[PDB]
$ cat data-v3.txt   # compact mmCIF, C-alpha atoms (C1' of nucleotides)
# COMPACT_ATOMS: atom_id res chain seq x y z
CA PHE Y 536 -3.00 3.27 148.15
CA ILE Y 537 -3.29 3.31 151.95
CA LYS Y 538 -3.93 -0.45 152.01
CA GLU Y 539 -0.83 -1.04 149.89
CA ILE Y 540 1.21 1.29 152.13
CA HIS Y 541 0.03 -0.74 155.14
CA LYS Y 542 1.17 -3.94 153.41
CA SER Y 543 4.48 -2.14 152.79
CA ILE Y 544 4.83 -1.30 156.51
CA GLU Y 545 4.16 -4.97 157.30
CA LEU Y 546 6.99 -6.02 154.96
CA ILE Y 547 9.44 -3.31 156.10
CA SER Y 548 8.94 -4.41 159.71
CA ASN Y 549 10.43 -7.73 158.58
CA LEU Y 550 13.14 -6.11 156.42
CA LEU Y 551 14.41 -4.18 159.47
CA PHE Y 552 16.20 -7.36 160.61
CA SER Y 553 18.17 -7.97 157.40
CA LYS Y 554 21.94 -8.33 157.01
CA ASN Y 555 22.74 -5.36 154.78
CA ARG Y 556 23.34 -2.05 156.54
CA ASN Y 557 21.78 0.25 153.95
CA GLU Y 558 18.61 -1.85 153.78
CA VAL Y 559 18.11 -1.35 157.52
CA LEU Y 560 18.95 2.35 157.27
CA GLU Y 561 16.51 3.11 154.46
CA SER Y 562 13.89 0.93 156.16
CA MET Y 563 14.27 3.05 159.30
CA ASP Y 564 14.03 6.25 157.26
CA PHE Y 565 10.87 4.91 155.59
CA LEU Y 566 9.25 4.09 158.93
CA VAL Y 567 10.19 7.52 160.29
CA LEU Y 568 8.65 9.16 157.21
CA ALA Y 569 5.50 7.09 157.71
CA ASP Y 570 5.24 7.94 161.42
CA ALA Y 571 5.79 11.61 160.59
CA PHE Y 572 2.34 11.22 159.07
CA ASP Y 573 -0.34 9.46 161.10
CA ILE Y 574 -0.48 6.04 159.47
CA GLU Y 575 -2.07 3.63 161.93
CA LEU Y 576 0.15 0.53 161.84
CA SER Y 577 3.31 2.64 161.42
CA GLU Y 578 3.58 2.81 165.23
CA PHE Y 579 3.90 -0.99 165.19
CA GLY Y 580 6.87 -0.63 162.85
CA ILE Y 581 8.41 1.88 165.25
CA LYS Y 582 8.16 -0.74 168.00
CA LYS Y 583 10.21 -3.12 165.89
CA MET Y 584 12.80 -0.38 165.55
CA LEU Y 585 13.30 -0.50 169.31
CA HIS Y 586 14.85 -3.98 169.10
CA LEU Y 587 17.57 -2.54 166.87
CA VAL Y 588 19.42 -1.32 169.97
CA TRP Y 589 21.34 -4.59 170.15
CA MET Y 590 22.92 -4.80 166.69
CA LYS Y 591 26.37 -3.28 167.22
CA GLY Y 592 29.33 -2.79 164.91
CA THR Y 593 32.85 -1.34 165.12
CA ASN Y 594 33.22 -0.25 161.49
CA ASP Y 595 33.61 3.57 161.69
CA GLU Y 596 32.40 4.61 158.25
CA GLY Y 597 28.98 5.95 157.34
CA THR Y 598 26.27 5.78 159.99
CA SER Y 599 25.67 2.56 161.91
CA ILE Y 600 22.28 1.13 162.87
CA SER Y 601 22.31 2.26 166.50
CA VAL Y 602 23.74 5.69 165.66
CA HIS Y 603 20.84 6.11 163.22
CA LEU Y 604 18.32 4.79 165.75
CA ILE Y 605 19.40 7.47 168.24
CA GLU Y 606 18.71 10.16 165.63
CA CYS Y 607 15.41 8.55 164.58
CA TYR Y 608 14.02 8.41 168.11
CA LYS Y 609 15.49 11.87 168.77
CA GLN Y 610 13.49 13.32 165.89
CA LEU Y 611 10.39 11.33 166.86
CA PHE Y 612 10.07 11.44 170.65
CA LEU Y 613 12.71 13.96 171.79
CA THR Y 614 11.52 17.10 169.97
CA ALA Y 615 8.76 19.68 170.34
CA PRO Y 616 7.55 22.54 168.13
CA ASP Y 617 10.00 25.43 168.34
CA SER Y 618 7.37 27.94 169.51
CA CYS Y 619 7.68 26.37 172.99
CA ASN Y 620 9.68 27.56 175.99
CA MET Y 621 12.40 25.63 177.80
CA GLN Y 622 9.92 24.29 180.37
CA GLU Y 623 7.29 22.73 178.12
CA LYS Y 624 10.12 21.48 175.90
CA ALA Y 625 11.09 19.19 178.78
CA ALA Y 626 7.41 18.59 179.54
CA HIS Y 627 6.69 17.37 176.00
CA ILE Y 628 9.88 15.27 176.05
CA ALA Y 629 8.80 13.70 179.35
CA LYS Y 630 5.25 13.16 178.09
CA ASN Y 631 6.60 11.28 175.07
CA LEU Y 632 8.98 9.26 177.25
CA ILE Y 633 6.20 8.35 179.70
CA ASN Y 634 3.83 7.39 176.87
CA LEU Y 635 6.63 5.27 175.38
CA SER Y 636 6.28 2.88 178.36
CA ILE Y 637 2.53 2.70 179.04
CA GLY Y 638 1.40 -0.07 176.72
CA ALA Y 639 4.72 -1.90 176.74
CA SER Y 640 5.55 -5.59 177.09
CA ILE Y 641 8.65 -6.89 178.87
CA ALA Y 642 10.73 -6.98 175.67
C1' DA K 1 28.31 24.92 147.64
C1' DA K 2 28.27 21.08 144.43
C1' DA K 3 30.45 17.69 141.53
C1' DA K 4 33.98 14.38 140.38
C1' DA K 5 37.33 10.97 141.50
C1' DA K 6 39.20 7.30 144.29
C1' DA K 7 38.87 3.65 147.65
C1' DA K 8 36.44 0.11 150.03
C1' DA K 9 32.84 -3.23 150.33
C1' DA K 10 29.48 -6.60 148.49
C1' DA K 11 27.87 -10.38 145.46
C1' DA K 12 28.52 -14.16 142.27
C1' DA K 13 31.35 -17.44 140.00
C1' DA K 14 35.59 -19.99 139.44
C1' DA K 15 40.03 -22.13 140.91
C1' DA K 16 43.52 -24.27 143.98
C1' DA K 17 45.13 -26.99 147.89
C1' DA K 18 44.47 -30.15 151.54
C1' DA K 19 42.16 -33.85 153.78
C1' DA K 20 39.78 -38.00 153.72
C1' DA K 21 38.56 -42.07 151.57
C1' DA K 22 39.21 -45.84 148.41
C1' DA K 23 41.84 -49.16 145.58
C1' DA K 24 45.85 -51.76 144.06
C1' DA K 25 50.29 -53.84 144.55
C1' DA K 26 53.96 -55.78 147.10
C1' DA K 27 55.96 -58.18 150.94
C1' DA K 28 55.89 -61.03 154.96
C1' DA K 29 54.46 -64.85 157.75
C1' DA K 30 52.47 -69.28 158.50
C1' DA K 31 51.02 -73.90 157.23
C1' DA K 32 51.19 -78.00 154.53
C1' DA K 33 53.29 -81.37 151.43
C1' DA K 34 57.05 -83.91 149.21
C1' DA K 35 61.78 -85.87 148.69
$ encode --input "data-v3.txt" --output "structure tokens"
Amino acid sequence: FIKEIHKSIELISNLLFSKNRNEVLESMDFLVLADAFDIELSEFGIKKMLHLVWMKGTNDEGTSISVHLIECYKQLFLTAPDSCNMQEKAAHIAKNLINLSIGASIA
DNA sequence: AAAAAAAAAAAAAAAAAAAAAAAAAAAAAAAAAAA
């Protein structure tokens, strides 16, 4: 089942760049639900979410791709467990933001 | 607080109009021959 889920992550990393809006949105929700667990290649899928910052649209109904990407990365890398103070809230946020740019390419 | 209804968007198939290309017919011009 884990091998088939990894094949699924490999296919959803390609389906992120489709033309339908709801396909991209449910693909992003699937990758967020995978990375809420500790699936190994799921992080790779999250990297291909980062190139969804460019696809813009002035439609103004539902949630767009970038407006959903803000919420996805906010839940992933901009939160901490709520038993923390204000100080280590910012420390965990800054640790996640620093670790987001350690093993990074130019793109 | 949840469910139902209405509106908008998406996908597939079909139809209409315009543009381009092809074919046919008619007319005009030139040259040659005969009385």
$ closest_atom_pairs --input "data-v3.txt" --of "chain K" --to "chain Y" --cutoff "12 Å" --atoms "all atoms listed in the file" --output "CSV"
residue,atom,partner,partner_atom,distance
K:8,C1',Y:596,CA,10.2
K:9,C1',Y:596,CA,11.2
K:10,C1',Y:555,CA,9.3
K:11,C1',Y:555,CA,11.8
$ axis_aligned_box --input "data-v3.txt" --around "region 622-628 of chain Y" --padding-each-side "6 Å" --output "lines of an AutoDock Vina configuration file"
center_x = 8.9
center_y = 19.8
center_z = 178.1
size_x = 16.4
size_y = 21.0
size_z = 16.5
$ residues_around --input "data-v3.txt" --residues "region 587-593 of chain Y" --least-positions-apart "5" --cutoff "10 Å" --atoms "all atoms listed in the file" --output "PDB file with C-alpha atoms, keeping the file's coordinate frame"
ATOM      1  CA  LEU Y 551      14.410  -4.180 159.470  1.00  0.00           C
ATOM      2  CA  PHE Y 552      16.200  -7.360 160.610  1.00  0.00           C
ATOM      3  CA  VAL Y 559      18.110  -1.350 157.520  1.00  0.00           C
ATOM      4  CA  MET Y 563      14.270   3.050 159.300  1.00  0.00           C
ATOM      5  CA  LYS Y 582       8.160  -0.740 168.000  1.00  0.00           C
ATOM      6  CA  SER Y 599      25.670   2.560 161.910  1.00  0.00           C
ATOM      7  CA  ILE Y 600      22.280   1.130 162.870  1.00  0.00           C
ATOM      8  CA  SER Y 601      22.310   2.260 166.500  1.00  0.00           C
ATOM      9  CA  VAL Y 602      23.740   5.690 165.660  1.00  0.00           C
ATOM     10  CA  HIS Y 603      20.840   6.110 163.220  1.00  0.00           C
ATOM     11  CA  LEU Y 604      18.320   4.790 165.750  1.00  0.00           C
ATOM     12  CA  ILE Y 605      19.400   7.470 168.240  1.00  0.00           C
TER      13      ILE Y 605
END
$ atom_distance --input "data-v3.txt" --atom1 "CA of residue 549 (chain Y)" --atom2 "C1' of residue 12 (chain K)"
25.2 Å
$ atom_distance --input "data-v3.txt" --atom1 "CA of residue 573 (chain Y)" --atom2 "CA of residue 544 (chain Y)"
12.8 Å
$ closest_residue --input "data-v3.txt" --among "Y:635, Y:628, Y:597, Y:554" --to "residue 616 (chain Y)" --atoms "all atoms listed in the file"
Y:628
$ atom_distance --input "data-v3.txt" --atom1 "CA of residue 556 (chain Y)" --atom2 "CA of residue 610 (chain Y)"
20.5 Å
$ residues_near_point --input "data-v3.txt" --point "(3.3, 3.4, 163.3)" --cutoff "12 Å" --atoms "only C-alpha atoms (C1' of nucleotides)" --output "VMD selection string"
chain Y and resid 540 to 541 543 to 545 547 to 548 563 565 to 584 611
$ decode --input "data-v3.txt" --residues "chain K" --atoms "N, CA and C atoms (P, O5', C5', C4', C3', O3' and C1' of nucleotides)" --output "short mmCIF file (atom, residue, chain, number, x, y, z; two decimals), in the first residue's frame"
data_model
loop_
_atom_site.label_atom_id
_atom_site.label_comp_id
_atom_site.auth_asym_id
_atom_site.auth_seq_id
_atom_site.Cartn_x
_atom_site.Cartn_y
_atom_site.Cartn_z
P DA K 1 -23.51 26.52 14.93
"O5'" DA K 1 -23.83 25.17 14.13
"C5'" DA K 1 -24.92 24.34 14.53
"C4'" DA K 1 -25.59 23.63 13.36
"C3'" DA K 1 -24.73 23.44 12.10
"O3'" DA K 1 -25.19 22.27 11.45
"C1'" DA K 1 -26.61 24.66 11.52
P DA K 2 -24.19 21.25 10.73
"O5'" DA K 2 -25.17 20.46 9.76
"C5'" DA K 2 -26.54 20.33 10.14
"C4'" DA K 2 -27.50 20.33 8.96
"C3'" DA K 2 -26.91 19.90 7.60
"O3'" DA K 2 -27.97 19.33 6.86
"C1'" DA K 2 -27.71 22.06 7.39
P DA K 3 -27.77 18.07 5.90
"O5'" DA K 3 -29.04 18.18 4.95
"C5'" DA K 3 -30.25 18.79 5.43
"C4'" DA K 3 -30.98 19.55 4.33
"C3'" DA K 3 -30.70 19.11 2.89
"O3'" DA K 3 -31.84 19.39 2.10
"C1'" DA K 3 -30.10 21.33 3.10
P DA K 4 -32.33 18.40 0.94
"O5'" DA K 4 -33.23 19.36 0.05
"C5'" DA K 4 -33.92 20.48 0.63
"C4'" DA K 4 -33.96 21.67 -0.34
"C3'" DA K 4 -33.81 21.34 -1.83
"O3'" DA K 4 -34.49 22.32 -2.59
"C1'" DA K 4 -32.11 22.77 -1.21
P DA K 5 -35.29 21.95 -3.91
"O5'" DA K 5 -35.36 23.35 -4.65
"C5'" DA K 5 -35.37 24.58 -3.91
"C4'" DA K 5 -34.60 25.68 -4.64
"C3'" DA K 5 -34.45 25.51 -6.15
"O3'" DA K 5 -34.35 26.79 -6.77
"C1'" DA K 5 -32.35 25.62 -5.20
P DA K 6 -35.03 27.09 -8.18
"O5'" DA K 6 -34.19 28.35 -8.69
"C5'" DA K 6 -33.59 29.26 -7.75
"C4'" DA K 6 -32.25 29.79 -8.26
"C3'" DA K 6 -32.03 29.75 -9.78
"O3'" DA K 6 -31.13 30.79 -10.14
"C1'" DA K 6 -30.38 28.50 -8.75
P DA K 7 -31.30 31.63 -11.49
"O5'" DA K 7 -29.84 32.22 -11.70
"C5'" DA K 7 -28.98 32.49 -10.58
"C4'" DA K 7 -27.52 32.21 -10.92
"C3'" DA K 7 -27.14 32.25 -12.41
"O3'" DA K 7 -25.78 32.62 -12.53
"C1'" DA K 7 -26.64 30.16 -11.58
P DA K 8 -25.26 33.56 -13.71
"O5'" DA K 8 -23.71 33.20 -13.74
"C5'" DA K 8 -23.01 32.77 -12.56
"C4'" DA K 8 -21.94 31.73 -12.88
"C3'" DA K 8 -21.41 31.70 -14.32
"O3'" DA K 8 -20.09 31.20 -14.31
"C1'" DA K 8 -22.32 29.64 -13.85
P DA K 9 -18.95 31.76 -15.26
"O5'" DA K 9 -17.91 30.55 -15.27
"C5'" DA K 9 -17.78 29.66 -14.15
"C4'" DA K 9 -17.47 28.22 -14.60
"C3'" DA K 9 -16.85 28.07 -15.98
"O3'" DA K 9 -16.05 26.89 -16.00
"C1'" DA K 9 -18.82 26.89 -15.94
P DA K 10 -14.68 26.84 -16.80
"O5'" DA K 10 -14.44 25.29 -17.03
"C5'" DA K 10 -14.90 24.27 -16.12
"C4'" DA K 10 -15.31 23.00 -16.89
"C3'" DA K 10 -14.70 22.84 -18.28
"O3'" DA K 10 -14.57 21.48 -18.62
"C1'" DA K 10 -17.00 22.85 -18.47
P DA K 11 -13.30 20.99 -19.43
"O5'" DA K 11 -13.77 19.63 -20.09
"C5'" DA K 11 -14.75 18.77 -19.49
"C4'" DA K 11 -15.62 18.11 -20.56
"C3'" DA K 11 -15.01 18.05 -21.97
"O3'" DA K 11 -15.51 16.93 -22.68
"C1'" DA K 11 -17.00 19.22 -22.07
P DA K 12 -14.57 16.11 -23.67
"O5'" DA K 12 -15.61 15.38 -24.61
"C5'" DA K 12 -16.92 15.02 -24.15
"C4'" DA K 12 -17.96 15.17 -25.25
"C3'" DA K 12 -17.43 15.15 -26.69
"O3'" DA K 12 -18.43 14.65 -27.56
"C1'" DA K 12 -18.53 17.15 -26.35
P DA K 13 -18.07 13.73 -28.80
"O5'" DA K 13 -19.34 13.93 -29.72
"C5'" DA K 13 -20.63 14.21 -29.14
"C4'" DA K 13 -21.46 15.15 -30.00
"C3'" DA K 13 -21.08 15.21 -31.48
"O3'" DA K 13 -22.23 15.53 -32.24
"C1'" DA K 13 -20.92 17.33 -30.61
P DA K 14 -22.49 14.89 -33.67
"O5'" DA K 14 -23.52 15.92 -34.30
"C5'" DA K 14 -24.43 16.65 -33.46
"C4'" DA K 14 -24.71 18.06 -33.99
"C3'" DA K 14 -24.48 18.27 -35.49
"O3'" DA K 14 -25.36 19.27 -35.94
"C1'" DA K 14 -23.18 19.77 -34.32
P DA K 15 -26.05 19.19 -37.37
"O5'" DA K 15 -26.48 20.69 -37.65
"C5'" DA K 15 -26.80 21.59 -36.57
"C4'" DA K 15 -26.39 23.03 -36.89
"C3'" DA K 15 -26.27 23.36 -38.38
"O3'" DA K 15 -26.58 24.73 -38.56
"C1'" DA K 15 -24.24 23.78 -37.36
P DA K 16 -27.40 25.21 -39.85
"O5'" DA K 16 -27.06 26.75 -39.94
"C5'" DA K 16 -26.75 27.54 -38.78
"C4'" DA K 16 -25.71 28.61 -39.10
"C3'" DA K 16 -25.60 29.01 -40.58
"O3'" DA K 16 -25.16 30.35 -40.66
"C1'" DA K 16 -23.55 28.18 -39.88
P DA K 17 -25.73 31.36 -41.77
"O5'" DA K 17 -24.60 32.46 -41.83
"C5'" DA K 17 -23.79 32.75 -40.68
"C4'" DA K 17 -22.36 33.11 -41.09
"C3'" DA K 17 -22.17 33.64 -42.51
"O3'" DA K 17 -21.05 34.49 -42.52
"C1'" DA K 17 -20.92 31.72 -42.28
P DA K 18 -20.99 35.82 -43.39
"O5'" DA K 18 -19.43 36.06 -43.48
"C5'" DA K 18 -18.58 35.60 -42.43
"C4'" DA K 18 -17.23 35.12 -42.97
"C3'" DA K 18 -16.80 35.69 -44.32
"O3'" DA K 18 -15.39 35.73 -44.37
"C1'" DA K 18 -16.92 33.39 -44.50
P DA K 19 -14.61 36.92 -45.07
"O5'" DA K 19 -13.20 36.25 -45.33
"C5'" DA K 19 -12.69 35.22 -44.47
"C4'" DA K 19 -11.89 34.19 -45.27
"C3'" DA K 19 -11.34 34.66 -46.61
"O3'" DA K 19 -10.17 33.95 -46.92
"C1'" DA K 19 -12.72 32.85 -46.98
P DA K 20 -8.93 34.64 -47.63
"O5'" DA K 20 -8.21 33.37 -48.23
"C5'" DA K 20 -8.31 32.10 -47.59
"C4'" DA K 20 -8.37 30.96 -48.61
"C3'" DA K 20 -7.80 31.28 -49.99
"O3'" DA K 20 -7.32 30.10 -50.57
"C1'" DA K 20 -10.00 30.65 -50.24
P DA K 21 -6.01 30.08 -51.46
"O5'" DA K 21 -6.25 28.75 -52.27
"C5'" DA K 21 -7.02 27.67 -51.71
"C4'" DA K 21 -7.84 26.96 -52.77
"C3'" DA K 21 -7.34 27.13 -54.20
"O3'" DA K 21 -7.69 25.99 -54.95
"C1'" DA K 21 -9.52 27.89 -54.09
P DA K 22 -6.71 25.41 -56.05
"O5'" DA K 22 -7.69 24.57 -56.95
"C5'" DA K 22 -8.86 23.96 -56.39
"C4'" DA K 22 -10.01 23.96 -57.39
"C3'" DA K 22 -9.59 24.09 -58.86
"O3'" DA K 22 -10.54 23.43 -59.67
"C1'" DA K 22 -11.03 25.83 -58.34
P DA K 23 -10.06 22.63 -60.95
"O5'" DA K 23 -11.38 22.54 -61.81
"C5'" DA K 23 -12.67 22.53 -61.18
"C4'" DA K 23 -13.72 23.24 -62.02
"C3'" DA K 23 -13.40 23.34 -63.52
"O3'" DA K 23 -14.60 23.36 -64.24
"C1'" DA K 23 -13.68 25.48 -62.69
P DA K 24 -14.72 22.61 -65.64
"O5'" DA K 24 -15.97 23.32 -66.29
"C5'" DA K 24 -17.01 23.86 -65.46
"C4'" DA K 24 -17.61 25.12 -66.07
"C3'" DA K 24 -17.42 25.27 -67.58
"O3'" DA K 24 -18.50 26.00 -68.09
"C1'" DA K 24 -16.47 27.10 -66.52
P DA K 25 -19.14 25.65 -69.51
"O5'" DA K 25 -19.87 27.01 -69.86
"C5'" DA K 25 -20.36 27.86 -68.82
"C4'" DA K 25 -20.23 29.33 -69.20
"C3'" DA K 25 -20.14 29.61 -70.69
"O3'" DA K 25 -20.68 30.88 -70.95
"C1'" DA K 25 -18.25 30.45 -69.66
P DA K 26 -21.53 31.17 -72.25
"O5'" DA K 26 -21.41 32.74 -72.35
"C5'" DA K 26 -21.23 33.53 -71.17
"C4'" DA K 26 -20.33 34.73 -71.44
"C3'" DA K 26 -20.24 35.16 -72.91
"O3'" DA K 26 -19.98 36.53 -72.97
"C1'" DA K 26 -18.11 34.65 -72.14
P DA K 27 -20.65 37.45 -74.08
"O5'" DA K 27 -19.67 38.68 -74.07
"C5'" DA K 27 -18.96 39.03 -72.88
"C4'" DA K 27 -17.58 39.57 -73.20
"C3'" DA K 27 -17.41 40.16 -74.60
"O3'" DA K 27 -16.43 41.16 -74.53
"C1'" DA K 27 -15.88 38.46 -74.35
P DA K 28 -16.56 42.50 -75.37
"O5'" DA K 28 -15.06 42.99 -75.39
"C5'" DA K 28 -14.15 42.67 -74.32
"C4'" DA K 28 -12.74 42.46 -74.85
"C3'" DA K 28 -12.46 43.11 -76.19
"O3'" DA K 28 -11.10 43.44 -76.27
"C1'" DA K 28 -12.06 40.84 -76.38
P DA K 29 -10.64 44.78 -76.97
"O5'" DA K 29 -9.15 44.46 -77.34
"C5'" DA K 29 -8.35 43.57 -76.55
"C4'" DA K 29 -7.40 42.78 -77.44
"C3'" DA K 29 -7.09 43.41 -78.80
"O3'" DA K 29 -5.81 43.03 -79.20
"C1'" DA K 29 -7.99 41.30 -79.14
P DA K 30 -4.86 44.04 -79.98
"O5'" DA K 30 -3.85 43.04 -80.66
"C5'" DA K 30 -3.54 41.78 -80.05
"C4'" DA K 30 -3.31 40.69 -81.09
"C3'" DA K 30 -2.92 41.18 -82.48
"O3'" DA K 30 -2.12 40.22 -83.11
"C1'" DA K 30 -4.85 39.91 -82.65
P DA K 31 -0.91 40.66 -84.04
"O5'" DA K 31 -0.68 39.37 -84.92
"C5'" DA K 31 -1.00 38.06 -84.42
"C4'" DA K 31 -1.52 37.16 -85.53
"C3'" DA K 31 -1.12 37.56 -86.95
"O3'" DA K 31 -1.07 36.42 -87.76
"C1'" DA K 31 -3.43 37.52 -86.82
P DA K 32 0.04 36.26 -88.88
"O5'" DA K 32 -0.62 35.18 -89.83
"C5'" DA K 32 -1.53 34.20 -89.31
"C4'" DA K 32 -2.63 33.88 -90.31
"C3'" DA K 32 -2.31 34.20 -91.78
"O3'" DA K 32 -3.02 33.31 -92.61
"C1'" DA K 32 -4.20 35.39 -91.17
P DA K 33 -2.36 32.73 -93.94
"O5'" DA K 33 -3.63 32.29 -94.78
"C5'" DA K 33 -4.84 31.86 -94.13
"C4'" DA K 33 -6.08 32.28 -94.93
"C3'" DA K 33 -5.84 32.54 -96.42
"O3'" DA K 33 -7.02 32.25 -97.14
"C1'" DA K 33 -6.70 34.47 -95.45
P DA K 34 -6.95 31.57 -98.58
"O5'" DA K 34 -8.36 31.94 -99.20
"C5'" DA K 34 -9.51 32.13 -98.37
"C4'" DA K 34 -10.44 33.20 -98.92
"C3'" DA K 34 -10.32 33.48 -100.43
"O3'" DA K 34 -11.56 33.92 -100.94
"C1'" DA K 34 -9.85 35.43 -99.27
P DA K 35 -12.07 33.46 -102.38
"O5'" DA K 35 -13.15 34.57 -102.75
"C5'" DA K 35 -13.88 35.23 -101.71
"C4'" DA K 35 -14.19 36.68 -102.06
"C3'" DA K 35 -14.21 37.03 -103.56
"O3'" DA K 35 -15.12 38.10 -103.80
"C1'" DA K 35 -12.58 38.32 -102.54
#
